[PDB]
Every structure is written in structure tokens, then in C-alpha cells.
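Q: need a structure here:
(2 chains)
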Protein chains: 2
Amino acid sequence: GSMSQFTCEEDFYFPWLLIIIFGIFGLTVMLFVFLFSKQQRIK
Amino acid sequence: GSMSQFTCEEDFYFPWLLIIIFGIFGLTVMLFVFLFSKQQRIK
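A: Residues are numbered from 1 along each chain as shown, chains lettered A, B, ... in the order given. Dropping the coordinates below:
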């Protein structure tokens, strides 16, 4: 009633860290290939 | 309906589906680079 505060139900139970790691991996893979193609470098 | 099922007719993007797609992406990216290197390594 006085202050407003919320809380997560999952409480960091499920493997969220695993998802994060994988997420960056995919984004990095594509992001790398994209920038690499623009650089026009074989090495 | 106690249990639940997912079908194409439903026409709805589930959360688990997103994980699956990404999963194969990462595995394919590495699996591809690995096989690619082996294809060049040997004449």
C-alpha cells in the first residue's frame, strides 16, 4: 500500500545463464561474419 | 483439458521454440567451421 515492489517468480531457478551465453554466441557469429565481409579480408 | 499440446494450426510462437532454433544455430555454426577446416586441412 505504501511502497511498490515486485519479485520474480522464477527466482533464478531455470538455466538462464546458459541461454545468455548461447545468445551472445549467435549474435557474435553473425555480427562477425557481417563485419568481416565488409572488411573484405581473407585472413 | 488437463494436458496440453502444440500444433501448427494454433499459429503461435512459443518460447521453447525460440531456444530450439538458436540451439541448432550455434551447433551448426561450430560444426560447419570444424568440418570446413578439415575439408581444407587435407588435400
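
Q: where do the strands sit along chain A?
A: Secondary structure of chain A (DSSP state E): no strands present.

Q: Give me the buried positions along stretch A:25-37.
A: residue A:29 (16 or more other Cβ atoms under 10 Å in any protein chain shown). (C-beta placed from N, C-alpha, C; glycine too.)

Q: Name the residues that touch it?
A: B:22, B:25-26, B:29 (Cβ atoms under 8 Å, 6 or more residues apart in numbering or on different chains).

Q: again, only using 10 Å
A: The contact list for stretch A:25-37 (Cβ atoms under 10 Å, 6 or more residues apart in numbering or on different chains) reads A:24, A:41-42, B:21-23, B:25-26, B:28-30, B:33.

Q: Please tabulate those residues in a markdown table, including the columns distance to residue A:16.
A: Shown next, in a markdown table, are these (distance: Cβ to Cβ, whole Å):
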| residue | distance to residue A:16 |
| --- | --- |
| A:24 | 13 |
| A:41 | 36 |
| A:42 | 39 |
| B:21 | 18 |
| B:22 | 14 |
| B:23 | 15 |
| B:25 | 19 |
| B:26 | 17 |
| B:28 | 23 |
| B:29 | 22 |
| B:30 | 22 |
| B:33 | 27 |
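
Q: among those, which are in helices?
A: A:24, B:21-23, B:25-26, B:28-30, B:33 (DSSP state H).

Q: Could you work out the most separated pair of those?
A: Greatest spatial distance in the ones in helices among the contacts of stretch A:25-37: B:21 and B:33, 19.2 Å, computed using Cβ to Cβ.

Q: picking that back up, same list (the ones in helices among the contacts of stretch A:25-37) but as TSV, adding distance to residue A:17.
A: Formatted as TSV, the ones in helices among the contacts of stretch A:25-37 follow (distance: Cβ to Cβ, whole Å):
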residue	distance to residue A:17
A:24	11
B:21	19
B:22	15
B:23	15
B:25	18
B:26	15
B:28	22
B:29	20
B:30	19
B:33	24
